[PDB]
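[1] Fold the following for me, if possible:
(6 chains)
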Amino acid sequence: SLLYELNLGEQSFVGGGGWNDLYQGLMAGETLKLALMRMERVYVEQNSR
Amino acid sequence: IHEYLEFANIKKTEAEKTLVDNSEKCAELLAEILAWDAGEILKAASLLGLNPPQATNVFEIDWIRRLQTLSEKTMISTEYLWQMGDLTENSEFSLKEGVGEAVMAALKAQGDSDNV
Amino acid sequence: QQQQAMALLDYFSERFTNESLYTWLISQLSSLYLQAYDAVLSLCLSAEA
Amino acid sequence: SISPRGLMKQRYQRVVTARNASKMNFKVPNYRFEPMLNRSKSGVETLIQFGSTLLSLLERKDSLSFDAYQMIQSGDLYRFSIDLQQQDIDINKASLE
Amino acid sequence: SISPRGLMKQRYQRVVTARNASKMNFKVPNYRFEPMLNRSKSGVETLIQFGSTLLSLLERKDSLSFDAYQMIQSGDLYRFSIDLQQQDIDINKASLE
Amino acid sequence: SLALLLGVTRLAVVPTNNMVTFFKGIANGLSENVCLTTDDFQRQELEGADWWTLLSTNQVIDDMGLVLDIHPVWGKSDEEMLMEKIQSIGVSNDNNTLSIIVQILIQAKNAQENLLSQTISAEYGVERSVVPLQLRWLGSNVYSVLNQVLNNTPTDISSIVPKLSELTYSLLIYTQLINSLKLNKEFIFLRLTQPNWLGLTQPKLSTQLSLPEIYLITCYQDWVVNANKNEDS
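    Numbers count the residues shown, from 1 in each chain, chains lettered A, B, ... in the order given. Below is the structure:
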């Protein structure tokens, strides 16, 4: 929705495969906060009339 | 132990056997994991088809456990322990006359003291 | 006593939440903190501006 | 009185493989950006709460299992203590004879 | 019986350099003030949560590494205990002779 | 041990493909969102790099001039030397457009160093404050190691450059030099900064070590404990 609604080229914040099978998915959520932080900052810049 | 066994198994027919598996360094790691002699373990080249030999992934290690403990019961070589096998079958007499004297000398080298 | 003290050191060093798990968490989390820190400061700077 | 003995030279390290792997994405949207920022947060932070709940309970589990196994270590020591000491009754009887 | 010995006079302090350094700013805005106050907060407070997570995990790390190293301190003491005491069998045999 | 540490009748090791999984691990760690400014990092006219094209309303000149890299020195190194080096090379615009591009660069330098200091610490069992000093004192550079990714080291052919395969072998002997005896980083930092000032001869700017150092650094490592006052006096 960000890349359609601003009509933008690729940035690939939400990378697949963050699960872990030695440690049963530990830390596999804190990466999503940093994905949203990396994403949000595109909207902080790239909005104007 | 895994990295040693994986290396021992690399491509015997298409590459490694005619290159002697680079015996001078592959057989070294088999000694190093035991903290033992990289020398006399090369007597294993007296069996198993002109291989190092090492790719028989347990029996050589299993035997070397018993060679290491025998080598702490007594100061005798694995080279002489081979002769103690060869002498079994009504074999040639001068080898027995020599092996008995060699084991006697190996005891004098310890004596009533302890020494080596 | 000596051999069971060695067996206790084995039972402790074969515990699940041994030294490795805290080490694995911290040595990943150290990146999440810096990836946030170099990014967040433009929000308060643009609030001043 | 002739000999010493060796020791537990228990110094060896263990290795943790600090590296990753990951994959790409696609898909097409059906409604606006900020309404999804107003939904994505709480599901993620609930997963941080579930993951820290799992981790902190697993410390409570593996701590108490140590406190259990530490008790049974006394069982052999009582057996050896009685079966050494009981002879002092038989020595005190032999001294009376 | 002629002499005493010295001691570990282990009294010495260590110093922490409580001072800072810092730099200036510029930039130009692109949209209003209060909409940025409504975004800046949660990214900052998430960094307080990540920093206290790092700190509290690092106490859990360096506590358990002490509990590990405290066990191996027994290994020499068992060796010295056996290699002192074993002679009482040889003394009890010498007494029988 | 002393003969091995002095480099006489040296060790033997196997180039197991697990090494590729480790170097591919470094390349993966470099590639997953770290977005590092290491793109032709040092050499003069640093042209065509993404970061200052975005920030071009604040400063355009991405090509800069002379090199953007550092050698350590005692008492005070840090970003003040990186600032003074870029300030010395003919920038007449001494206003905030010069200082802002230092505070943009500090985290981008950290993003090159922090990869090795956080990862190899879990391979070899050394604290993250020692790693970059151990790496240079062994005779290496952080970028020279990272460039082996560009030399296709992550490819799982059973062959890699001597610059890694013998460096990795050499790291284990220099790891025993810092574990068969324990010492603190400030000693290494002085030894790496200024050998003749510490008290060595000029040839010991090289990686080579011999007994006339080993006596003196050991008897120092006793004397620093034996002295009647704390560390720093």
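[2] Point to the residue nearest the middle of chain D.
    The centre of chain D sits closest to residue D:62, judged by C-alpha atoms, centre = their mean, with a distance of 4.7 Å.
[3] Return the residues in contact with it.
    Residues in contact with residue D:62, defined by C-beta atoms under 8 Å, 6 or more residues apart in numbering or on different chains, are C:15-17. From N, CA and C alone the C-beta is placed, and that goes for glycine too.
[4] for residue D:18, same thing?
    For residue D:18, the contacting residues are C:24, C:27-28, F:25, F:29, F:118-119, F:122, taking C-beta under 8 Å, 6+ apart as the criterion.
[5] what's the helix or strand for the residue nearest to the centre of chain D?
    helix D:34-69 (DSSP states H and E).
[6] Buried residues, that helix. List them.
    If you call a residue buried by 16 or more other C-beta atoms under 10 Å in any protein chain shown, then helix D:34-69 has these buried ones: D:44-45, D:48, D:51, D:55.
[7] Distance to residue F:6 for these - can I get that in TSV?
    Converted to TSV, those look like this (distance: C-beta to C-beta, whole Å):
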residue	distance to residue F:6
D:44	56
D:45	57
D:48	53
D:51	51
D:55	47
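[8] Identify the farthest-apart pair in these.
    Farthest apart among the buried residues of helix D:34-69 by C-beta to C-beta are D:44 and D:55. That separation is 16.7 Å.
[9] I figured residue B:83 was touching residue B:99, is that so?
    Yes - shown here, residue B:83 and residue B:99 form a contact pair, counting by C-beta atoms under 8 Å, at 5.2 Å.
[10] Residue B:28: neighbour count?
    Residue B:28 is flanked by 16 other residues according to other C-beta atoms under 10 Å in any protein chain shown.
[11] Briefly note if the one helix or strand it maps to comes near chain D.
    When elements are defined using DSSP H and E, residue B:28 is found to belong to helix B:23-32. No - in terms of C-beta under 8 Å from any C-beta of the partner chain, no part of helix B:23-32 sits within range of chain D; the closest distance is 14.5 Å.
[12] Can you list the buried residues in that helix?
    Within helix B:23-32, judged by 16+ other C-beta under 10 Å, the buried ones are B:26-31.
[13] For chain E, state which of those residues is nearest.
    residue B:31 (27.1 Å; C-beta to the nearest C-beta).
[14] How about the contacts made by the closest one?
    With the criterion set at C-beta under 8 Å, 6+ apart, residue B:31 makes contact with B:37-38, B:41.
[15] give me that answer again for 10 Å
    With contacts defined as C-beta atoms under 10 Å, 6 or more residues apart in numbering or on different chains, the neighbours of residue B:31 are B:37-42, B:64.
[16] Quick check: phi and psi at residue 20.
    Since no chain was named, I'll use chain A. Main-chain torsions, residue A:20, degrees, to the nearest 10: phi -140, psi 140.
[17] Wait, it touches residue C:21, no?
    No - using C-beta atoms under 10 Å, residue A:20 is not in contact with residue C:21, being 11.7 Å away.
[18] Please identify which of these two sits among more neighbours.
    Using other C-beta under 10 Å, the more surrounded residue of residue A:20 and residue C:21 is residue C:21, with 22 against 13.
[19] ok, now how distant is the more buried one from residue D:17?
    Computed as C-beta to C-beta, to the nearest Å, the residue C:21 to residue D:17 distance reads 14 Å.
[20] before we move on, back to that, following the chain onward from the helix holding residue D:62, which element is next?
    Next along the chain after helix D:34-69, taking DSSP H and E as the criterion, comes helix D:75-85.
[21] Is chain C within reach of that following helix?
    Yes - contact of helix D:75-85 with chain C (C-beta under 10 Å from any C-beta of the partner chain) involves D:76-77, D:80.
[22] circling back: report the set of residues contacting both of residue C:21 and residue D:17.
    Common contact partners of residue C:21 and residue D:17 (C-beta under 10 Å, 6+ apart): residue A:22.
[23] Show me what from chain D comes close to chain F.
    Proximity of chain D to chain F is confined to D:11-22 under the rule C-beta under 10 Å from any C-beta.
[24] about what we covered before: from the contacts of residue D:62, list the ones also adjacent to chain D.
    C:15-17.
[25] need the contact list for residue C:2.
    Applying C-beta under 10 Å, 6+ apart, the residues near residue C:2 are D:8, E:74-75, E:77-79, E:81-82.
[26] of those, closest to residue F:36?
    Nearest to residue F:36 among the contacts of residue C:2: residue D:8, at 44.9 Å, using C-beta to C-beta.
[27] helix/strand/coil for the residue of chain A found nearest chain B?
    Using C-beta to the nearest C-beta, residue A:22 is the residue of chain A that sits closest to chain B, at 17.2 Å. The assignment at residue A:22 comes out as coil when based on DSSP: H, G, I helix; E, B strand; the rest coil.
[28] thought it was touching residue C:16?
    No - in this structure, residue A:22 is not within contact of residue C:16 by C-beta under 10 Å, at 11.4 Å.
[29] Now residue B:12: closest residue in space, sequence neighbours ignored.
    Counting by C-beta to C-beta, 6 or more residues apart in numbering or on different chains, residue B:12 lies nearest to residue B:55, which is 6.3 Å off, once chain neighbours are set aside.
[30] wait, is the one you found part of a strand?
    No - with three-state DSSP as the criterion, residue B:55 is assigned coil and is not in a strand.
[31] Run through the helices of chain A in chain order.
    Using DSSP state H, the helices found in chain A span residues A:2-5, A:30-45.
[32] Only C-alpha atoms, please: export the last one in CSV.
    So the one you mean is helix A:30-45. Only the C-alpha atoms of helix A:30-45 are listed here, as CSV (Å, rounded to 0.1, in the frame of the first residue of the first chain):
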residue,chain,number,x,y,z
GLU,A,30,11.5,-7.3,17.2
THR,A,31,12.7,-7.3,13.5
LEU,A,32,9.1,-6.2,12.4
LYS,A,33,9.3,-3.1,14.6
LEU,A,34,12.6,-2.1,12.8
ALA,A,35,10.9,-3.0,9.4
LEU,A,36,8.1,-0.5,10.2
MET,A,37,10.7,2.1,11.4
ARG,A,38,12.6,1.7,8.1
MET,A,39,9.2,1.9,6.2
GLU,A,40,7.7,4.9,8.0
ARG,A,41,10.7,7.2,7.2
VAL,A,42,9.8,6.9,3.5
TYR,A,43,6.4,8.5,4.3
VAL,A,44,8.1,11.2,6.5
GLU,A,45,10.2,12.3,3.4
